[PDB]
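There are 2 protein chains.
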Amino acid sequence: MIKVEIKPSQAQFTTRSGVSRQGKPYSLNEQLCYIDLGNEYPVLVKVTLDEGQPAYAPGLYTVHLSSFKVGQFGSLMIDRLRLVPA
Amino acid sequence: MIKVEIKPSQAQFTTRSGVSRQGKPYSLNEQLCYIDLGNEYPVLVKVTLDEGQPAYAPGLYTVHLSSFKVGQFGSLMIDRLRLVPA
Numbered sequence: 001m002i003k004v005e006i007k008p009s010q011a012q013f014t015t016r017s018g019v020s021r022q023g024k025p026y027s028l029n030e031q032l033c034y035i036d037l038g039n040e041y042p043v044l045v046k047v048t049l050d051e052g053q054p055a056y057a058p059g060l061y062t063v064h065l066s067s068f069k070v071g072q073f074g075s076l077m078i079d080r081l082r083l084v085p086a
Numbered sequence: 101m102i103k104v105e106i107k108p109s110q111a112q113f114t115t116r117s118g119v120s121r122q123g124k125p126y127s128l129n130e131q132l133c134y135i136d137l138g139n140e141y142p143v144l145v146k147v148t149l150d151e152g153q154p155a156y157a158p159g160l161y162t163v164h165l166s167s168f169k170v171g172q173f174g175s176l177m178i179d180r181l182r183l184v185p186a
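From first to last, the protein sequence lines stand for chains A and B. The numbering of the first sequence is the working numbering, which starts it at 1 and goes up by one. The numbering of the second sequence is the working numbering, which starts it at 101 and goes up by one.
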């Protein structure tokens with residue numbers, strides 16, 4: 001299991017906006033977190049939230065299976081990192 | 101944890117070859133596996149092995165932390181799916 005931590009300082013998201021190729025508006029909410037990848041300290045990683053979802057609260061989390069998909073070359077890829085409480 | 105299975109029929113790898121941009125030869129060994137992504141059946145996924153590593157034997161495996169890296173846009177990515185016995 002991947003250990004992810006939202007620190008007290010990372011309890012908010014920011015929003016980016018724009019317009020798609022054929023005219024539709026979009027909004028993306030992004031939040032930062034720390035993920036332990038086995039180096040001397042955890043590293044900073046950007047998470048993009050799914051529509052209608054609030055910011056994850058501070059605490060420990062792991063990665064949900066729905067984060068992954070098979071890509072166009074037949075290898076596993078991360079679609080969006082989706083988190084669940086540890 | 102991601103459940104990965106190498107079936108008896110997937111016990112071998114195949115090798116692709118070529119030449120890099122500036123003249124170096126390369127060889128890539130690829131093996132197939134089944135990964136449970138929570139749908140009605142596991143799906144077929146291609147794994148590229150690391151240099152000097154044999155094919156994984158049939159059995160159950162999970163994903164090692166070294167499979168992941170932070171990409172150039174600051175989000176988590178899979179580098180290469182690296183497996184360890186379950």
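For each residue, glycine too, the CB sits at the ideal point set by N, CA and C.
Straight across, the Cα-Cα distance linking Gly23 of chain A with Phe73 of chain A is about 30 Å. Proximity of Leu128 of chain B to chain A, defined by a Cβ-Cβ separation below 7 Å, is not satisfied. The DSSP assignment places complete beta strand (DSSP E) segments of no fewer than 3 residues inside the stretch 19-85 of chain A at 25-35, 43-48, 59-63, 68-70, 76-78 and 83-85, in order along the chain. Within the model, the alpha-carbon separation for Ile6 of chain A versus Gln53 of chain A is close to 16 Å. Of the residues B:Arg121, B:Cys133, B:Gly171 and B:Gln112, the one whose Cα lies closest to the Cα of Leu76 of chain A is B:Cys133. By the C-beta criterion, the stretch 13-32 of chain A is judged to be in contact with the stretch 43-63 of chain A, since at least 3 inter-stretch pairs fall below 8 Å. Rounded to the nearest angstrom, the Cβ distance from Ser67 of chain A to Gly138 of chain B is 11 Å, too far for a contact under 8 Å.
Of the residues assessed, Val163 of chain B falls on the buried side of the cut-off, its CB having 16 or more other CB atoms within 10 angstroms. Bounds of any beta strand (DSSP E) do not take in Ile102 of chain B, whose DSSP letter is neither H nor E.
A distance below 8 Å between beta-carbons, with the five flanking residues on each side excluded, links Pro125 of chain B to the following residues of its chain, in chain order: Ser117, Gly118 and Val119.
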